[PDB]
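Below is target_36.tsv, which holds TSV, C-alpha atoms.
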chain	number	residue	atom	x	y	z
A	682	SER	CA	51.83	44.25	-13.73
A	683	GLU	CA	52.61	42.58	-17.07
A	684	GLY	CA	49.70	41.04	-18.95
A	685	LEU	CA	48.74	37.60	-20.24
A	686	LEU	CA	48.01	38.98	-23.71
A	687	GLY	CA	49.41	41.85	-25.76
A	688	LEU	CA	47.76	45.00	-27.13
B	180	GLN	CA	34.82	21.22	-5.62
B	181	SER	CA	32.86	23.41	-8.01
B	182	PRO	CA	33.58	23.61	-11.76
B	183	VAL	CA	32.17	27.15	-11.81
B	184	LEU	CA	34.32	30.20	-11.14
B	185	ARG	CA	33.13	33.68	-10.23
B	186	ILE	CA	35.38	36.27	-11.86
B	187	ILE	CA	35.75	40.01	-11.36
B	188	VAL	CA	37.96	42.03	-13.69
B	189	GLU	CA	39.20	45.12	-11.86
B	190	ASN	CA	40.98	48.17	-13.26
B	191	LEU	CA	39.06	47.79	-16.54
B	192	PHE	CA	41.09	50.27	-18.59
B	193	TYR	CA	40.58	48.37	-21.84
B	194	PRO	CA	37.52	46.35	-22.91
B	195	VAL	CA	37.55	42.68	-22.01
B	196	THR	CA	35.27	40.52	-24.14
B	197	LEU	CA	33.69	37.20	-23.28
B	198	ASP	CA	35.80	35.68	-26.05
B	199	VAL	CA	39.04	36.93	-24.48
B	200	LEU	CA	38.02	35.29	-21.20
B	201	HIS	CA	37.41	32.09	-23.15
B	202	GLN	CA	40.88	32.32	-24.71
B	203	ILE	CA	42.64	32.78	-21.37
B	204	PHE	CA	40.70	30.21	-19.37
B	205	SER	CA	40.77	27.60	-22.17
B	206	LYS	CA	44.45	27.08	-21.40
B	207	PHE	CA	43.41	25.21	-18.25
B	208	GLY	CA	40.46	23.18	-19.45
B	209	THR	CA	37.36	22.87	-21.56
B	210	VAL	CA	35.17	25.92	-21.07
B	211	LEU	CA	31.50	24.94	-21.39
B	212	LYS	CA	29.71	28.22	-20.68
B	213	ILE	CA	30.40	31.86	-19.82
B	214	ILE	CA	28.08	34.67	-18.75
B	215	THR	CA	29.24	38.23	-18.14
B	216	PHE	CA	27.43	40.97	-16.26
B	217	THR	CA	27.82	44.17	-14.27
B	218	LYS	CA	27.29	44.24	-10.51
B	219	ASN	CA	28.54	46.49	-7.70
B	220	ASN	CA	29.82	48.70	-10.52
B	221	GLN	CA	32.26	46.01	-11.64
B	222	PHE	CA	32.63	43.79	-14.69
B	223	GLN	CA	32.03	40.21	-13.61
B	224	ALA	CA	31.59	36.76	-15.08
B	225	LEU	CA	30.59	33.22	-14.23
B	226	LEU	CA	32.56	30.56	-16.12
B	227	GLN	CA	31.94	26.83	-16.18
B	228	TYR	CA	34.62	24.20	-16.82
B	229	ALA	CA	33.83	20.54	-17.42
B	230	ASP	CA	36.35	19.59	-14.73
B	231	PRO	CA	36.43	21.02	-11.18
B	232	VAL	CA	40.21	20.49	-11.20
B	233	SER	CA	40.50	22.80	-14.20
B	234	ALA	CA	38.64	25.44	-12.20
B	235	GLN	CA	41.03	24.95	-9.28
B	236	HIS	CA	44.03	25.11	-11.62
B	237	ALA	CA	42.83	28.31	-13.30
B	238	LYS	CA	42.17	29.98	-9.95
B	239	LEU	CA	45.65	29.14	-8.68
B	240	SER	CA	47.33	30.24	-11.91
B	241	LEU	CA	45.29	33.31	-12.84
B	242	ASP	CA	44.08	34.93	-9.62
B	243	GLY	CA	45.59	38.41	-9.36
B	244	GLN	CA	46.93	38.32	-12.93
B	245	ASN	CA	46.47	41.18	-15.41
B	246	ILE	CA	44.88	40.27	-18.75
B	247	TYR	CA	46.75	43.09	-20.51
B	248	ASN	CA	49.71	45.23	-19.51
B	249	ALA	CA	48.78	47.50	-16.59
B	250	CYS	CA	45.06	46.68	-16.44
B	251	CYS	CA	42.28	44.22	-16.22
B	252	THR	CA	43.21	42.30	-13.06
B	253	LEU	CA	41.48	38.96	-12.55
B	254	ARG	CA	39.98	38.26	-9.12
B	255	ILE	CA	38.82	34.64	-9.00
B	256	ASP	CA	36.82	32.58	-6.52
B	257	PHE	CA	34.74	29.41	-6.65
B	258	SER	CA	30.98	29.67	-7.16
B	259	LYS	CA	28.54	27.47	-5.27
B	260	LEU	CA	26.62	27.05	-8.53
B	261	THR	CA	27.10	23.49	-9.80
B	262	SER	CA	26.50	24.56	-13.41
B	263	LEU	CA	25.30	27.53	-15.47
B	264	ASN	CA	22.13	28.15	-17.44
B	265	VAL	CA	22.67	30.18	-20.60
B	266	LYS	CA	19.68	31.32	-22.67
B	267	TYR	CA	21.48	33.12	-25.48
B	268	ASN	CA	24.69	33.13	-27.49
B	269	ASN	CA	25.85	36.72	-27.90
B	270	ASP	CA	28.35	39.26	-26.58
B	271	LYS	CA	27.23	38.72	-22.99
B	272	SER	CA	26.71	34.97	-22.72
B	273	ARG	CA	27.76	31.81	-24.48
B	274	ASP	CA	27.04	28.10	-24.18
B	275	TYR	CA	29.82	26.36	-26.09
B	276	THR	CA	27.85	23.11	-26.01
B	277	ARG	CA	24.68	24.58	-27.59
B	278	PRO	CA	25.30	26.38	-30.94
B	279	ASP	CA	21.55	26.38	-31.54
B	280	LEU	CA	20.66	29.08	-29.01
B	281	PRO	CA	19.18	32.38	-30.24
B	282	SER	CA	21.14	35.62	-29.79
B	283	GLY	CA	18.33	37.33	-27.90
B	284	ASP	CA	14.64	37.41	-27.01
Same coordinates, now as structure tokens:
Amino acid sequence: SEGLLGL
Amino acid sequence: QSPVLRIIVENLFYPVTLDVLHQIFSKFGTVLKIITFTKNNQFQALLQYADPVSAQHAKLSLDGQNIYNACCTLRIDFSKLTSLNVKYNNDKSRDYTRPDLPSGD
């Protein structure tokens, strides 16, 4: 469930 | 083949702006217009590429993908709309080919 962008 | 994609962002645990959608989808083509809205209690958007192949490419590459870690899952399908009509440039809609549009009213 990793994302395309970071937070 | 339609150049317009219908997008639903599920598990919206962090705000997703129109501009972030532009950033992500711009990797696959030239984004001409984007309109976001709420329907069926879900954040949704219509996004228009100049090339139907870019739309196809984005759908294949991004469908089911999370925008950020553990949230904001993209659900993507093709729209039967051949293009999009945007009246304003603001936080909810944007026509990247018409910088002259008002922001409201």
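Among the candidates B:207, B:216, B:228, B:193, the one nearest to chain A when counting only C-alpha atoms is B:193.
For the pair CA of residue 284 (chain B) and CA of residue 227 (chain B), the interatomic distance is 23.0 Å.
Near chain A, counting only C-alpha atoms at 6 Å, the chain B residues are residues 245, 246, 247, 248 and 249 of chain B.
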How would the residues just chosen look if you wrote them out with C-alpha atoms as a short mmCIF file (atom, residue, chain, number, x, y, z; two decimals), in the coordinates of the input?
data_model
loop_
_atom_site.label_atom_id
_atom_site.label_comp_id
_atom_site.auth_asym_id
_atom_site.auth_seq_id
_atom_site.Cartn_x
_atom_site.Cartn_y
_atom_site.Cartn_z
CA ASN B 245 46.47 41.18 -15.41
CA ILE B 246 44.88 40.27 -18.75
CA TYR B 247 46.75 43.09 -20.51
CA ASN B 248 49.71 45.23 -19.51
CA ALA B 249 48.78 47.50 -16.59
#
Neighbours of region 184-188 of chain B within 8 Å (only C-alpha atoms; same-chain residues fewer than 2 positions away dropped), as a PyMOL selection string? chain B and resi 181-182+190-191+221-227+234+238+251-258
Can you write out the residues you just picked, keeping C-alpha atoms, as a PDB file, in the coordinates of the input?
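After the write, out.pdb holds the following:
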ATOM      1  CA  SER B 181      32.860  23.410  -8.010  1.00  0.00           C
ATOM      2  CA  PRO B 182      33.580  23.610 -11.760  1.00  0.00           C
ATOM      3  CA  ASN B 190      40.980  48.170 -13.260  1.00  0.00           C
ATOM      4  CA  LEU B 191      39.060  47.790 -16.540  1.00  0.00           C
ATOM      5  CA  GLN B 221      32.260  46.010 -11.640  1.00  0.00           C
ATOM      6  CA  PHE B 222      32.630  43.790 -14.690  1.00  0.00           C
ATOM      7  CA  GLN B 223      32.030  40.210 -13.610  1.00  0.00           C
ATOM      8  CA  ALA B 224      31.590  36.760 -15.080  1.00  0.00           C
ATOM      9  CA  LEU B 225      30.590  33.220 -14.230  1.00  0.00           C
ATOM     10  CA  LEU B 226      32.560  30.560 -16.120  1.00  0.00           C
ATOM     11  CA  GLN B 227      31.940  26.830 -16.180  1.00  0.00           C
ATOM     12  CA  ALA B 234      38.640  25.440 -12.200  1.00  0.00           C
ATOM     13  CA  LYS B 238      42.170  29.980  -9.950  1.00  0.00           C
ATOM     14  CA  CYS B 251      42.280  44.220 -16.220  1.00  0.00           C
ATOM     15  CA  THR B 252      43.210  42.300 -13.060  1.00  0.00           C
ATOM     16  CA  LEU B 253      41.480  38.960 -12.550  1.00  0.00           C
ATOM     17  CA  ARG B 254      39.980  38.260  -9.120  1.00  0.00           C
ATOM     18  CA  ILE B 255      38.820  34.640  -9.000  1.00  0.00           C
ATOM     19  CA  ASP B 256      36.820  32.580  -6.520  1.00  0.00           C
ATOM     20  CA  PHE B 257      34.740  29.410  -6.650  1.00  0.00           C
ATOM     21  CA  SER B 258      30.980  29.670  -7.160  1.00  0.00           C
TER      22      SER B 258
END
I want to know what sits within 7 Å of residue 237 (chain B), based on only C-alpha atoms, with residues of the same chain fewer than 4 positions away left out; could you give that as a ChimeraX atom specification? /B:204,207,233,241
Find the residues near residue 196 (chain B): any atom within 10 Å, counting all atoms listed in the file, skip ones fewer than 5 places away on the same chain, and give them as a list in words. residues 201, 202, 215, 270 and 271 of chain B
Interatomic distance between CA of residue 277 (chain B) and CA of residue 242 (chain B)? 28.4 Å
